[PDB]
Amino acid sequence: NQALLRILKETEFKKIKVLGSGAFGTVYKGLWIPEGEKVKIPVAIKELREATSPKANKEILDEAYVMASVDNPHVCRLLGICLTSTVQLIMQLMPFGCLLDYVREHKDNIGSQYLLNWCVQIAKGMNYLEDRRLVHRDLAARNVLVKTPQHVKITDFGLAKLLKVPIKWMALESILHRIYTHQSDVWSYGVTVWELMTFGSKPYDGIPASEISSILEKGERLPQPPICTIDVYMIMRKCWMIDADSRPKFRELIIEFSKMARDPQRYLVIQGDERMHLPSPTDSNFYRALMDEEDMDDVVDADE
Ligand SMILES: CN1CCN(c2ccc(Nc3ncc4nc(Nc5ccccc5)n(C5CCCC5)c4n3)cc2)CC1
Numbered sequence: 418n419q420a421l422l423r424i425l426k427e428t429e430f431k432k433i434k435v436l437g438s439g440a441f442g443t444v445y446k447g448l449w450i451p452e453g454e455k456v457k458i459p460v461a462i463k464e465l466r467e468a469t470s471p472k473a474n475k476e477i478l479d480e481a482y483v484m485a486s487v488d489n490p491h492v493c494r495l496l497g498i499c500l501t502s503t504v505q506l507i508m509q510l511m512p513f514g515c516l517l518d519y520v521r522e523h524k525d526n527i528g529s530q531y532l533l534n535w536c537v538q539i540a541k542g543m544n545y546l547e548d549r550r551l552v553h554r555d556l557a558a559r560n561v562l563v564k565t566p567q568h569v570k571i572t573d574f575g576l577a578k579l580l581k582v583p584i585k586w587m588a589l590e591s592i593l594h595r596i597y598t599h600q601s602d603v604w605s606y607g608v609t610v611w612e613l614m615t616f617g618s619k620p621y622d623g624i625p626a627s628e629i630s631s632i633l634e635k636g637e638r639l640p641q642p643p644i645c646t647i648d649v650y651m652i653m654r655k656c657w658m659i660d661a662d663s664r665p666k667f668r669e670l671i672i673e674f675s676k677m678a679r680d681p682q683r684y685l686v687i688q689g690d691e692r693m694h695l696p697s698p699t700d701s702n703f704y705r706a707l708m709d710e711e712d713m714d715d716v717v718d719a720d721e
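As structure tokens, then:
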């Protein structure tokens, strides 16, 4: 459906401030000014680095329709595009930013219920992509956004194909053979889970990217995060098995983390955890009305 992708003119929006960047481009907070109206509506804008040829223009556009068709509570939808000298991609602006920064800025003031729910929600978004027969290729905590603390959304879907290789996130077959599959996405999911559980540690810190295939081939893996019980760590290790088909499926990952979320303290050990709990319904309802009206599945709660 082509109607899911608004074609914007450079006159209808402005970039206002830089929010971050990646291998792809620079992300700005922007203002959309509609249609002979006064108002300025905040948006997020990724401007791609290399200038766009017209012929590739069709190629980018074809991919953009797919990106705009992504409809799930846990994956960010591409809203609009502007094609010029540059390709500009328009999406919802999220006051809370990316998950990687969030867990860093809240290090150790985050409860087992939040961490285990995020893991569930990430697995639900990835599962949806798999169901659409789509592969992300660049899952990482930096590409998951926080809509509210209770609701996270994978972003950056589809550009990796569309146009700095994240070797430390990559399944070994992707490093060696540039093969990308749902099962390599599962590998990067394991790394993403590891970033959350360490409150945003850098994976294989201090180790050159060039050495990573060798240490993987030797059966070395990211170390067990100190808050993680063994069952949590074994799931991560399973995500990083050499045989791609031995790795869990995202549908299994949804089930396992959901079950752990029902008994959060049995699976993560966090000091002060009883002092930390999911928002009361009162606080959840207020958040939804102010900044998260979109339909979504219930967060998994503790049985007791
Ligand atoms: C000192 N910190 C102050 C606050 N800060 C910040 C950054 C971003 C947001 N929000 C926000 N929203 C939507 C985004 N959509 C993409 N990415 C994106 C990807 C593809 C197409 C369009 C946007 N981003 C990226 C991820 C984080 C940096 C910007 C987005 N970021 C809120 C606060 C970071 C610096």
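Per my numbering, residue 418 is the first one in the sequence shown, and the count goes up by one each step. Cβ coordinates follow ideal geometry from the N, Cα and C atoms, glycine included.
Looking only at its chain, what residues have a beta carbon closer than 7 Å to the beta carbon of residue i, apart from the 5 residues adjacent to it on each side?
| i | result |
| --- | --- |
| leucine 465 | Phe441, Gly442, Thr503, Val504, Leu580 |
| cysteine 656 | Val603, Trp604, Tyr606, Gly607, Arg664, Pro665 |
| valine 492 | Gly542, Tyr545, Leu546, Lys570, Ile571, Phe574 |
| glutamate 427 | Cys499, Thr501 |
| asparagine 489 | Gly542, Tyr545 |
| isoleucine 592 | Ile584, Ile629, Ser630 |
| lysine 475 | none |
| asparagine 534 | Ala678, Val716, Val717 |
| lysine 432 | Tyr445, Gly447, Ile462 |
| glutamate 711 | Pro490 |
| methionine 484 | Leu495, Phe574, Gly575 |
| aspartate 648 | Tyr684 |
| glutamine 641 | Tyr650 |
Hey, would you say residue i sits closer than 8 Å to residue j, going by beta carbons?
| i | j | result |
| --- | --- | --- |
| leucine 639 | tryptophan 611 | yes |
| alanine 558 | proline 583 | no |
| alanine 661 | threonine 598 | yes |
| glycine 514 | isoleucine 507 | no |
| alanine 706 | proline 681 | no |
| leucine 510 | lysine 446 | yes |
| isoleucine 652 | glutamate 673 | yes |
| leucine 422 | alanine 481 | yes |
| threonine 565 | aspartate 709 | yes |
| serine 701 | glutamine 567 | yes |
| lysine 578 | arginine 554 | yes |
| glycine 528 | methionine 713 | no |
| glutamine 538 | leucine 695 | no |
Mapping DSSP to helix, strand and coil, what is residue i?
| i | result |
| --- | --- |
| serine 438 | strand |
| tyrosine 445 | strand |
| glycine 689 | coil |
| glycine 542 | helix |
| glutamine 509 | coil |
| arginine 679 | coil |
| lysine 578 | helix |
| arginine 550 | coil |
| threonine 428 | helix |
| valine 569 | strand |
| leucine 500 | strand |
| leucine 695 | coil |
| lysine 585 | helix |
| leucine 707 | helix |
| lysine 655 | helix |
| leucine 533 | helix |
| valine 561 | strand |
| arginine 638 | coil |
| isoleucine 527 | coil |
Are the C-beta atoms of residue i and some chain B residue less than 8 Å apart?
| i | result |
| --- | --- |
| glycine 439 | The question asks about chain B, but that chain is absent: this structure has only one protein chain. |
Going by beta carbon distance, what residues of the same chain come within less than 8 Å of residue i, once the five residues before and after it are set aside?
| i | result |
| --- | --- |
| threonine 646 | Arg683, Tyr684, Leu685, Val686 |
| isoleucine 458 | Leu448, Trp449, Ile450, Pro451 |
| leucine 613 | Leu516, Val520, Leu532, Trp535, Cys536, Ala558 |
In chain order, what residues of the same chain have a beta carbon less than 6 Å from the beta carbon of residue i, not counting five sequence neighbours either side?
| i | result |
| --- | --- |
| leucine 589 | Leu633 |
| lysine 524 | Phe616 |
| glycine 437 | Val444 |
Ranges of the beta strand (DSSP E) found wholly within the region 440–495, counting only runs of at least 3: DSSP assignment within the region 440–495 yields the following whole beta strand (DSSP E) runs of 3 residues or more, N-terminal first: 442–449, 458–465.
- prompt: Which parts of the region 597–632 are runs of the alpha helix (DSSP H), unbroken and 4 residues or longer, counting only runs that do not cross its ends?
  reply: Segments of the alpha helix (DSSP H) lying fully in the region 597–632: 599–614.
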